[PDB]
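Spelled out, the chains give:
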2 protein chains.
Amino acid sequence: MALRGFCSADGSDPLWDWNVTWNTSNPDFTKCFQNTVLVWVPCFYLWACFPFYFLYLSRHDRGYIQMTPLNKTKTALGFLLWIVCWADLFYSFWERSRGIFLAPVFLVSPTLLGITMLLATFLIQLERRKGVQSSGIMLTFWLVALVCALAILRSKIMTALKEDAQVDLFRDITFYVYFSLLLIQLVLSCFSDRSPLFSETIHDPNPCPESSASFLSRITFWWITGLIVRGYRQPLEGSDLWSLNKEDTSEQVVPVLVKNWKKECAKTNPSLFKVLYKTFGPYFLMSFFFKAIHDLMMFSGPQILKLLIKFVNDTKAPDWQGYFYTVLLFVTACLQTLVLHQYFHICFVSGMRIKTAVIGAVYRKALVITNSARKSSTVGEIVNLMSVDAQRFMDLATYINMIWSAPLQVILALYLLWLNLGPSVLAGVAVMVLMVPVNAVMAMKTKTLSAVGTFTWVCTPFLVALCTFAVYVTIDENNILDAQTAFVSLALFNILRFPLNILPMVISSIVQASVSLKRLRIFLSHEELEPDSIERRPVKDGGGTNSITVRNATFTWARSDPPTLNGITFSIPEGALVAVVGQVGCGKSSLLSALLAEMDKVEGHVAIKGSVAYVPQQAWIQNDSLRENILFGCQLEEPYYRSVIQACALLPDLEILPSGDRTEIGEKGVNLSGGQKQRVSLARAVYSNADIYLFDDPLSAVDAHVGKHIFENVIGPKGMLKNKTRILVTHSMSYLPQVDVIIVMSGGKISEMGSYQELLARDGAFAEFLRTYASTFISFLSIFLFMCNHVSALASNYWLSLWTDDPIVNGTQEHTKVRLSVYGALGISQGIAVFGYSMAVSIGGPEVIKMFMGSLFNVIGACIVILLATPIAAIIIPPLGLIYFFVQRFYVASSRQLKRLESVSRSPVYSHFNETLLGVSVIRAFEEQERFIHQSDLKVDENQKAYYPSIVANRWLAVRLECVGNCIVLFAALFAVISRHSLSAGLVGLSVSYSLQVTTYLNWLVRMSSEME
Amino acid sequence: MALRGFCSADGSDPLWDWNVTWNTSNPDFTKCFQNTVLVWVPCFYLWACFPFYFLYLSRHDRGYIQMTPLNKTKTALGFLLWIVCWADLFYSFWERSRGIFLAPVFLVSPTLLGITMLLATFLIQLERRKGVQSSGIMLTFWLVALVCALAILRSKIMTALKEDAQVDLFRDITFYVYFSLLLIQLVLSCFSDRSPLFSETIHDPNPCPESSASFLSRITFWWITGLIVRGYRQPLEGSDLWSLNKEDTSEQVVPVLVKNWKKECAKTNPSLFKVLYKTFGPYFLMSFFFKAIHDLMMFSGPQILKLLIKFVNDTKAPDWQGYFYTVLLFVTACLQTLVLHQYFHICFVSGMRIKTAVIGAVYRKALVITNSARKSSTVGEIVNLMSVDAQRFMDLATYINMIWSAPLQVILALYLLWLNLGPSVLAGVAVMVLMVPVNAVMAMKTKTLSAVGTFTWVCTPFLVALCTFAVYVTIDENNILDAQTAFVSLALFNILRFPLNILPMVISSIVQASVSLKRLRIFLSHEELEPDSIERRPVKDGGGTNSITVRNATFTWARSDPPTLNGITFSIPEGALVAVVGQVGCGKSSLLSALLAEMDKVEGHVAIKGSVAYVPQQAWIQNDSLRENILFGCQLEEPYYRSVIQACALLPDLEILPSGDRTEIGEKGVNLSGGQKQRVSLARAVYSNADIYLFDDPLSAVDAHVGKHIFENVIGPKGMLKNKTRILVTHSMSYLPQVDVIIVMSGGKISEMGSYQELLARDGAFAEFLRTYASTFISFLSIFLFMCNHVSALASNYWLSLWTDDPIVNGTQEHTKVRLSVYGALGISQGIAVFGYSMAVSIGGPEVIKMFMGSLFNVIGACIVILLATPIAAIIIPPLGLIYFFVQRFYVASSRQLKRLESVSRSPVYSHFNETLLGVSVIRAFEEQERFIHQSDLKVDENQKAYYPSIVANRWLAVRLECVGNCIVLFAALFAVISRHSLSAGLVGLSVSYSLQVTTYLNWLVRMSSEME
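The PDB entry annotates chain A as Multidrug resistance-associated protein 1 of Homo sapiens. According to its PDB record, this entry is titled "Cryo-EM structure of human ABC transporter ABCC1". In UniProt, chain A has this text filed under Subunit: "(Microbial infection) Interacts with human cytomegalovirus protein UL138; this interaction mediates MRP1 degradation via the lysosome." Quoted verbatim from the Sequence similarities field of UniProt, the annotation for chain A is "Belongs to the ABC transporter superfamily. ABCC family. Conjugate transporter (TC 3.A.1.208) subfamily."

Colleague: Go over the state of the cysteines, please, and point to the residues and values.
Modeller: Residues and elements named next belong to chain A. Per the counting criterion, the structure on display carries 2 disulfides over all chains. For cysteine 7, the disulfide goes to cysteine 32, at an S-S distance of 2.0 Å. Where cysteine 7 bonds to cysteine 32 through sulfur, the torsion about that S-S bond is close to -85°, and the disulfide is left-handed. With a gap of 25 residues between them, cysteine 7 in helix α1 (residues 2–7) and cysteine 32 in helix α2 (residues 31–47) connect regions that are remote in the sequence. Across the pair, exposure class does not vary: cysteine 7 and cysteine 32 are buried alike.

Colleague: I'd love a proper account of the pattern of salt bridges, names of residues and values included.
Modeller: Under the counting rule described, the total for this entry stands at 27 salt bridges over all chains. Where A:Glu527 meets A:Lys365, a salt bridge forms, and the shortest distance between an N and an O atom there is 3.0 Å. As far as the burial class goes, A:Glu527 and A:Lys365 line up, both buried. B:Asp389 is the partner of B:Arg519 in a salt bridge, and the nearest nitrogen-oxygen pair spans 3.1 Å.

Colleague: So, the interface of chain B and chain A: which residues are in play, and what are the values?
Modeller: Between chain B and chain A, the residue contacts involve 16 residues of the former and 16 residues of the latter. The junction of chain B with chain A conceals about 1,800 Å² of combined surface from both sides, 84% of it contributed by carbon and sulfur atoms. Where chain B packs against chain A, one counts 2 residue pairs in polar contact. Contributing elements (two or more residues each) for the side of chain B that touches chain A: α7 (138–161), α8 (172–188) and α36 (877–892) of chain B. With 4 residues, α8(B) is the largest single contributor of residues to the side of chain B that touches chain A.

Colleague: If you had to explain the sheet that holds strand β4 (residues 600–607) of chain B to someone new, which residues and values would you point to?
Modeller: Residues and elements named next belong to chain B. Strand order in the open sheet made by the 3 strands is β2-β1-β4, with antiparallel pairing throughout. Each edge of the sheet is formed by a strand with only one pairing partner; in this case those strands are β2 (568–573) and β4. Shown here is a sheet whose adjacent strand axes are inclined to one another by a mean of 15°, direction ignored. Alignment of strand β1 (residues 546–556) against β2, held across 5 bridges, turns out to be antiparallel. Paired with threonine 549 across the bridge in β2 is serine 571.

Colleague: Now, about the relation of the copies chain B and chain A: what can you tell me, with residues and values included?
Modeller: In screw terms, the move from chain B to chain A is a rotation of 180° and a rise of 0.0 Å along the axis, fitting with an RMSD of 0.5 Å. In the structure described here, the two chain copies are related by an operation that fits a two-fold rotation axis. Counting the interface residues of chain B, we find that 94% of their copies in chain A are interface residues as well, pointing to one common contact surface.

Colleague: Please give an account of the packing of helix α15 (residues 340–363) of chain A against helix α37 (residues 930–940) of chain A that cites residues and values.
Modeller: Residues and elements named next belong to chain A. Where α15 meets α37, the axes come as close as 11 Å, and the angle between the chain directions of the two elements is 155°. In this view, α15 runs roughly antiparallel relative to α37, as classed from their interaxial angle. Seen along the crossing, α15 lies across α37 with a hand that is right-handed. Counted together, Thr356, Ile359 and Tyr363 of α15 and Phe932, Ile933, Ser936 and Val940 of α37 form the full contact between these two elements. When the residues that make up the contact of α15 with α37 are grouped by side-chain class, the tally is 5 nonpolar, 2 polar and no charged.

Colleague: So what's going on with the environment of B:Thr326? Residues and values would help.
Modeller: The residue B:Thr326 is located in helix α15 (residues 321–335) in this model. In contact with B:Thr326, not counting residues within four places along its chain, are B:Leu970, B:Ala973 and B:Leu974.

Colleague: Residue-level account of a positive patch on the surface, with values.
Modeller: Residue and element names in this part refer to chain A. Taken together, the side chains of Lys259, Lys263, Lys267, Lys274 and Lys278 make up a positively charged region of the molecular surface. At the level of secondary structure, the elements contributing two or more residues to the positive patch comprise α10 (254–267) and α11 (272–279). At 3 residues, α10 tops the list of elements feeding residues into the positive patch. One can find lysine 274 in helix α11.

Colleague: How would you explain the sheet that holds strand β3 (residues 568–573) of chain A if you had to name every residue and give the values?
Modeller: Residues and elements named next belong to chain A. The antiparallel open sheet is built from 3 strands, whose spatial order is β3-β1-β6. With one partner strand each, in any of the chains shown, β3 and β6 (605–608) form the two edges of the open sheet. For this sheet the average axis-to-axis angle between neighbouring strands, irrespective of direction, equals 15°. Examined bridge by bridge, strand β1 (residues 546–553) and β6 share 4 bridges and lie antiparallel to one another. Paired with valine 550 across the two strands is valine 606, which belongs to β6.

Colleague: Describe in detail a nonpolar patch on the surface, supporting the description with residues and values.
Modeller: Residues and elements named next belong to chain B. A contiguous nonpolar patch, built from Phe288, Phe289, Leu296, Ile403, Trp404, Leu408, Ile411 and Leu412 and spanning about 800 Å² of accessible area, is present on the exposed surface. Top element by residues in the nonpolar patch is helix α19 (residues 405–420). It accounts for 3 residues. Mapping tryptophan 404 onto the fold places it in the loop between α18 (395–399) and α19. You can call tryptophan 404 partly exposed: its relative accessible area is 32%.

Colleague: With reference to specific residues and values, describe the pairing of strand β10 (residues 692–695) of chain A.
Modeller: All names here are of chain A. Taking every second residue as pointing to the same face, both faces of β10 are buried, with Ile692 and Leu694 on one and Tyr693 and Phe695 on the other. Strand direction decides the pairing type here: β10 and strand β11 (residues 725–729), joined by 3 bridges, are parallel. Bridge assignment links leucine 694 to a residue of β11, and that residue is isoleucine 727. Once you follow β10 into helix α29 (residues 704–715) and on to β11, the crossover reads as right-handed.

Colleague: Tell me about the side chain of B:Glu527, residues and numbers included.
Modeller: All names here are of chain B. Of note, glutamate 527 is situated in the loop between α24 (506–524) and β1. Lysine 365 provides the closest opposite charge to the buried, salt-bridge-free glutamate 527, at an N-O distance of 4.3 Å. Sequence-distant contacts of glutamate 527, that is, excluding residues within four places in its chain, are made with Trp261, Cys265, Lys365, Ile369 and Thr370.

Colleague: Describe helix α12 (residues 270–280) of chain B, listing the residues and the values that go with them.
Modeller: Residue and element names in this part refer to chain B. Among all positions in α12, only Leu272, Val275, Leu276 and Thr279 are buried. In an axial view of α12, the angular spread of the buried residues amounts to 95°, which keeps them on one side of the axis. Among the exposed residues of α12, those oriented more than 90 degrees off its buried face are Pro270, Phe273, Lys274 and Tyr277. Elements that come into contact with the buried residues of α12 comprise α11 (254–267) and α24.

Colleague: Outline the packing of aromatic side chains, supporting the account with residue identities and numerical values.
Modeller: Here a ring pair, both rings aromatic, is described through the centre-centre distance and the interplanar angle of the planes. The final tally for this structure, using the stated rule, is 72 aromatic pairs over all chains. Relative to B:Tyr735, the ring of B:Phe711 lies with its centre 4.3 Å away and its plane at 45°, an arrangement referred to as tilted. Of this pair, B:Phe711 sits in helix α30 (residues 704–715) while B:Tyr735 sits in the loop between β9 (725–729) and β10 (741–746), placing them 24 residues apart in sequence. Of the two residues examined, B:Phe711 and B:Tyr735, each falls in the buried class. Stacked on the ring of A:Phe175, the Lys or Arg A:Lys156 has its end atom at 5.3 Å from the ring centre.

Colleague: Tell me what's going on with unusual backbone geometry, and back it up with residues and numbers.
Modeller: All names here are of chain A. In this structure, the amide linkage connecting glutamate 638 to the following residue, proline 639, adopts the cis form with an omega of 0°. Relative to the assigned elements, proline 639 resides in the loop between α25 (626–631) and α26 (640–648). Despite not being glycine, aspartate 697 shows a phi value in the positive range, around 35°. Inspection of the secondary structure assignment puts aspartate 697 in the loop between β10 and α29. Taking relative accessible area as the criterion, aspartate 697 reaches 19% and is therefore assigned buried.

Colleague: I'd like a rundown of the pairing of β1(B), residues and numbers included.
Modeller: Residue and element names in this part refer to chain B. β1 sits mainly inside the fold: 8 of its 11 residues count as buried. Pairing analysis gives 6 bridges linking β1 to β4, with the strands arranged antiparallel. Bridge pairing links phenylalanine 555 to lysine 601 in β4.

About the cut-offs
- Residues numbered from 1 in each chain as written, not as in the entry; some residues may be left out.
- Chains lettered and ligands numbered in written order.
- Heavy atoms only, no water.
- UniProt positions renumbered as here; feature names shortened; annotations may be inferred.
- Disulfide = S-S within 2.5 Å.
- Helix = DSSP H or I, 4+ residues; strand = E, 2+ residues; numbered from the N terminus.
- Buried < 20%, exposed > 50% of the residue type's maximum accessible area, 1.4 Å probe, protein only.
- Salt bridge = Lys/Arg side-chain N within 4 Å of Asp/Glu carboxyl O.
- Contact = heavy atoms within 4.5 Å.
- Buried area = accessible area lost by both parts, 1.4 Å probe.
- Polar contact = N/O pair within 3.5 Å; in protein donor to acceptor, adjacent residues only side chain to side chain.
- Pairing = 2+ DSSP bridges.
- Axes fitted to C-alpha atoms, helices over the stretch in contact; angles between N-to-C directions.
- Least-squares fit on C-alpha atoms.
- Parallel < 35°, antiparallel > 145°, perpendicular 65-115°, else oblique.
- Left-handed = near helix turned anticlockwise from the far one by under 90°.
- Nonpolar A, V, L, I, M, F, W, Y, C, P; charged D, E, K, R; others polar.
- Patch = residues over 30% accessible without salt bridge, like charges linked within 9 Å, V, L, I, M, F, W, Y side chains within 5 Å.
- Areas by Shrake-Rupley, 256 points an atom, 1.4 Å probe, with all protein chains shown as cover.
- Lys, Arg positive; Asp, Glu negative; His and termini not counted.
- Charge placed at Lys NZ, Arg CZ, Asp CG, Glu CD.
- Right-handed = clockwise from strand over helix to strand, strands pointing away.
- Arc of directions from axis to C-beta.
- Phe/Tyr/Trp six-rings, centres within 6.5 Å; stacked < 30°, edge-to-face > 60°.
- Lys NZ or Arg CZ within 6 Å of the ring centre and 35° of its normal.

And the structure:
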């Protein structure tokens, strides 16, 4: 209560009077209020946002924009804005000192403005130093200060020329100068800044323009209009799209997630969503504050409307009041559409940023890890995990914020409806519960009346309103239907309807996401890094005499099975032909694979020296050129290519092919034979030019006569690779005598080792093997029904408006029985007509034309109602009938060509992953597993360059189609307040109510039932 | 008088009447006036501009802009606008047919609007067909129609909502739709068109943007701001300039003038003047119609000011009148500055287009015509005709339109002043004749206190005003100095002053131009075509046996002299060495030159064969590379270059040079000896590789040994040119015996011809010749004086304002004879102060700082006066104190770098013309005179590319610095009309008078006293 004594020494200027600002014909604020609150509010606004902005900006150094003249003039203006406010205080000090008592108010309030201006000037310099072009804080502060100064300027201009007023000629000049400088700075603080000294774009010439735009352009999504119009004439395809900004690329996201997951695993299990909470968490806290505010802006629509009606029925209030509400019907309807469409963008971006990391984390955990423990099917169990489970992590991101906002709106709307009407709404909302069976009906239709059901859905607002009003009127008495009662609930029900629709289908989505999480987690922890290290590396030393060393080796396929190899110990020098002999199923494959770090060793010491080349019995070919398949990464070399082709004898195979060594080999191409595949693999192996070669019956399917030249050309001692180490396994008989050393193993143990001559002289197991084997009319009806239904609805609304304005005498209002009778009769007629045209269209037939005609006729009716209420609105119909039109044609011809590129670019990632998963066994032997990781990175990135601008073109139109909807309410309220002396309450209520339901029906027509056709 | 019965049957709605539009508190037009005149005016405006536009556009086909959607929508909008106006007439016909008498007025107007709408729609398509992007007629028509319809809309909105009247609901909707469509079309018809299918710019990538700009941009000169801003930071030089538009080039103007002049000469200073008038007449006639509107709008300021001053003194007129005049103070002050600056551009372009044609005509006449009759000096008589006479043909273009507008303004202003004041102004204007002496004074100050002279010039308006008012108030006593009398004449004198000063220096310029015309015509009429046809061409036939044929030849140097050659007849075969022998002054040079078609023949037959090479005794070198000088256009050839260098023996000369054959030879370079020059010319001649060679003592200054070596190297029979025809003349005593045929001539007649042996055996005159030639402290004082003078002027103005508002009692102005005394005393004090600071600045010394300080103090006073008159104007001072500033700094730093390129580019054309005039003889001997015309063309075009945008940057600032001046009058009248209840007439008069004189003093500061220092 100190303000009363603070304002003056007599208490004659109370803060609020209610007799000077509201009840007069010329409102004007008092003195103390103007001096204190209007001055203080900007300072409090800015002083509570400086530490947060400073802390946020202390981590985002980006540039050094040096000496633009804008920074030279803005600093000067900010410094000049301080000296006048200081001079005011200096003059006040003089006046106090000499002879005048002036109260402490003049000695305190001015001194804060100087401090705030000094802080703003310093912030401009810091903002320039940290290098950001457009500012989102200076604009708002300048706007607020300008409005607060405009109020005082109007008050002073009104009180100046009243009657011979005595005003000191030292506070007018100061305030006028201050206001002019504020206006100049507001204009000047929105142009641009030149550029940072250095930027990321040094080589790529096509960057996205989002990094360089003004605050208003980013708010209104204007920078996307560049490539939309260009898509209308010139077809859109190829490199016309932009490039990423080096932040969403897969090379800068996956390592962070994999490191955090590895650290969490080493800490110990909680699911990976626990890690995602601490990785991608601080970007969802901005998507929670934006939603709630929007919700509180939804219920400022009806209330104002109610007030307006109460103003029309009063015939003695001052006129200007009717202009105070209308302005508030424009700001509130404007700030609501500039907040939701930013929360949507944040949610979509943070939901897209997760899939590009999960995909990479899955891929990097398959090619080099989880060996010998993979038992799930190769198709539909691993590849499906890349296309279905990871694709259900964007819906959850958008829908996770609808779990608590769904019941809040319902509770608030029910409370307001109960406050307005009374207990009857409990029955009325019961009808709302009674049409929960209607959503049950559409659900069971989806399981399996569709048109009949949707027309009952269309008609159900009428049914619920009629039932509510009948219950309100029939029960009890002495209740009169005013304009507010019958014209507020109609909007409240429409607002409340949507959350009762959104509640289903969400609880199923959450369950499905939770189910998918279990599978993702069980796969990401499906191993314990089996091939960590058991060998002496494929190549560790560049020089040695003994190639393969092994002592006391023992390996097993699985940890729960008896060992298959025991007591394995041998040594082999360099450049010796070693051939092993074993029976079918003896275990040759297991021993052969144990050398490639594909087994589990319990005890033993084994080592190899030099890079290895592997030729498995099964061959795989990547879908590419035969030249590329043979080269396998290495560049061409002549006549090395000719030499290796001659050695492999590929001349007939190259000649028979339609284009030689350039056709489509493998899948999605011509089919070959097994022998040709084996020859191609052998050619690739010999081209690899390794130190040790490891074969596995590479000539079984090749004809023996044909394979004779191959054996005598390369494998035999006459070949060009006689200086390397060769290992060959087979069950052939002919090639045994020409090898150097023969090793025979059975029962998991090696029996004898030695040369062919020594084994033959011994006449032991080899002799026994040789001896045993011994192989050495409806259109016009539909139109008429449409017209009947629409005129029935219009007559219903007109009759309700006429009824709501009946005079009140002796409690009741004349007659309240015939109105209900005619209302019910017309409702029954409309219900008959809707089913009649339902049957007509069902017999004639579809839904696209249905909704198209419905929306067109409804918007025509919405226009004609406003035309009938006031004959001056016809000025604004033409100009608003064109701006919308040009929006509905650019979007259809530009969002239909960007929805086809994704279907083209989707397949390659899945195909590449399937190929890698099928060829991992051979890909790991060559020690070439980084190139493939890089390769599968450049295809996912190509599916996120043509997909990012396919959703912004959805946040464009939606914004552009809501300003049109909100520019009719203002002009239907302003043109109705001017002529309050001749308009009843009902007509104003109808005109205002029909202007709210235009944006929904305008947006429905453009998206659905237009692009489909 | 038919309108009275046309409006209505009983004539109850007459035409204009002051009882309903002017004397009321709510002005509103009547019914018949609204129905007829406002509607009819647009139709008459457009219907009187269609044939002219059609005729002008039927000759300027430029493109085929095909199917822009703007042309698709504008036609539809026009066709829609037609139908509503037709429907109005249809409904009127129905109403007249059924039961209603409605008068013929409703049956005429719609059928007259429909025709205009259809014509506009057709004109859009016709405009599209001929390919013009921006239209200057559609915008004006739409604006006029909208302005006319605004009043009808206001009346129909005012008469409907209030008074509870009855309005038919069939004419409101039609008019509202019509107004909305008009607004939409006005907005839509000012964007752009796409492009013509083909344009001139196919190769050059830097065209001037003037060919592609909107109407508003062309009017406001907003396409030169692109490079003015760019030149501030990056230095301006080189290729940053644009290119011509293929219309001002010298290859497309000179032929037209030369053809017209030749035709006029063949028909037979009236001749040249008539030819110029017939050639460039059409584009100058547009300059007469633009210096008529501005002259009339000049006199619309004093009338409005007088009306406003009279209105302020009235305290019962309705308030809104004060807002009708102020708007008229903005349109009139705006249309005046958008007309003069469009006449200046046309005048300057027409002035520039003449010099580029006169220069080309003179050059094409000089080189190949007027031979043997040139007697004027080579310097200062012909070259001066290219730089002085043709440079005085741009001032005449601008000043020729000031010969009749100078006295018209004087006469009109004198008549108005006499009407306002009376006979006293005749005495006062006599005192205004009294500065005819003082301008004569500065005239003699130009011939030989000058600061004192200009300070008396500054004080002159005060002196003449004081004398006029003293004379007005002294004689008799019948008139009282009101506000209008003392505040209209002050502006009228200032308006009238300038033409009284422009009149001198023009009559001298006209005389000088008339003098220059005589010399230009006497040189251009100097044709006297010498080389018409006298020879058989230098080369006509490619095959023959006799080289030179001559019979009965006779030639003379001049037509008024006895012939020097008579009885010349001889013949020589192909490849014969012919040497002629003559005495000194015998006439060898005359006969030698006669063979080159440099003489005139009265009788005889002479003929030559094959292209000729000429080596005159005097050699000329163009300032270029020695390689280019020797090549003379031909490309280099090896080892031809080495062969000719060895033949000419140029090895020591090339070796001794600092860079060999690459130095700067000739003028502006190193000097060379005469022998080297002769050797260079001989090398050029032999490089020419002609059929007939003609020498003239080419070894006079050459050393005897060097000359002998050259003679045996090339000229002698052992040389490489023995197969062609050689002619040599000399007086040497050694080379005669080795020649084939010797010809001796004397007295103009050839005596004997024959071989050396025959002549020696004859022992005639040859033996005689042989034997004959064988025998042989103030700064602060200046500041104080400045302040005293300015406060004295301010006190003078304030005292006059106080005096003019004295009450009138008994016919007299209270008591006079006391204001005049103090007025004169303060005037004398101001004169003493200005003389004192004159002496101070003369002793201390300059003019730049003088005018700078004067303008700064005057412009600060012009703002302090407005601030004192009304304390609310302080809002507008800051924002207008910045827009001007940024204009003053860009222009100074961008028009100082474009005023230096001309000084660089001026010299080459004069230097090239001098070189050509000195080399004419050799340049014509070689039959190479077409390349040099192009060479001299390519430079005058380079002097007109950096000069065209050096004057538009003067029409930019002047436009940008007059809207600031005209935006203070509006805000000083509006802020003074609001508070008429507390302001006397004197303060309003002072404020409005001082607000006019701000543009002149703002423009004076930027151009002078700023750029100079």
